[PDB]
Each structure stands twice: as C-alpha cells, then as structure tokens.
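J.: Dropping a structure here in structure tokens format, bear with me for questions.
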Amino acid sequence: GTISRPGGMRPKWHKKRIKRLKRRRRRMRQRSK
RNA sequence: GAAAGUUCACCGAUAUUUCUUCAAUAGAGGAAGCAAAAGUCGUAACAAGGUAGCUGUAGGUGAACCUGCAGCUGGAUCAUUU
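So that you can map any letter, position 7 of the first sequence is 8 in the entry's author numbering, and since no number is skipped, the others follow by simple counting.
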C-alpha cells in the first residue's frame, strides 16, 4: 500500500478499459454514417 | 384641354426553382451512466493483505485483473570498506 482509498478498481486499469471502449465505438460509428 | 387604350424603362408584392445556412422531429437496431442493496461467480485492494504498491505504454484474459519494458516512494530502507 502506498496510496489512499481509491475505490473503483485500480485507476490505471480503469483508464485502459475506457480506451478499448472508445476505440470500439469509433470503429462502429465510422461505417454507420 | 382631356378619358379609355399602346409601347419602353424602373421600383417590386407573390409564386416557382437553385445554392447556402439554422432550428426542430419520427425511428428498426447498437452502446454507456447513475440510483436501488438479503441475487450470482470469484477475492483484486487496505497488515510485507499472504505475487510491496502505484504511474506511462503494448499484448493477453469470464471478471476483479495478469504479463513484458522504463520510472517514482505517496515503502517494508532517512544508516555501515576512512
């Protein structure tokens, strides 16, 4: 332990998830227009 | 002198069409967020939390996450060849 009560995952992994979500969304939308 | 009417130019309602632009709206299907707290699968985090922890980046994975490379101490070290 080295940080205080961040609760809601590790703040690094939770960034990563939002990235591979955003990539996905872009890929969809681009074709759909 | 002077009416109806003629012809040309100008101003131009209105309609139509083109371009431009703003506002608002139906919707198959797809994807997130939050609030409820006695559902389900695990145990990642807080003690060296039982693979120290965290940051940046890439890859992998049912999920929390895991693994490589380079950093920080907000460590578990303020410190051992005169």
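Cβ coordinates follow ideal geometry from the N, Cα and C atoms, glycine included.
Put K13 into one of helix, strand or coil per three-state DSSP.
T.: In this structure, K13 counts as coil in the three-state DSSP scheme.
J.: Kindly list the residues whose CB is nearer than 8 Å to the CB of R25, restricted to its own chain and excluding five residues on each side of it in sequence; keep chain order.
T.: Closer than 8 Å at Cβ, skipping near neighbours: no residue.
J.: For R27 and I4, what's the separation of their Cα atoms in angstroms?
T.: Between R27 and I4, the C-alpha separation is close to 34 Å.
J.: Look up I4 in the DSSP assignment and say whether it is helix, strand or coil.
T.: In the structure shown, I4 sits in coil (DSSP, three-state: anything other than H, G, I, E or B).
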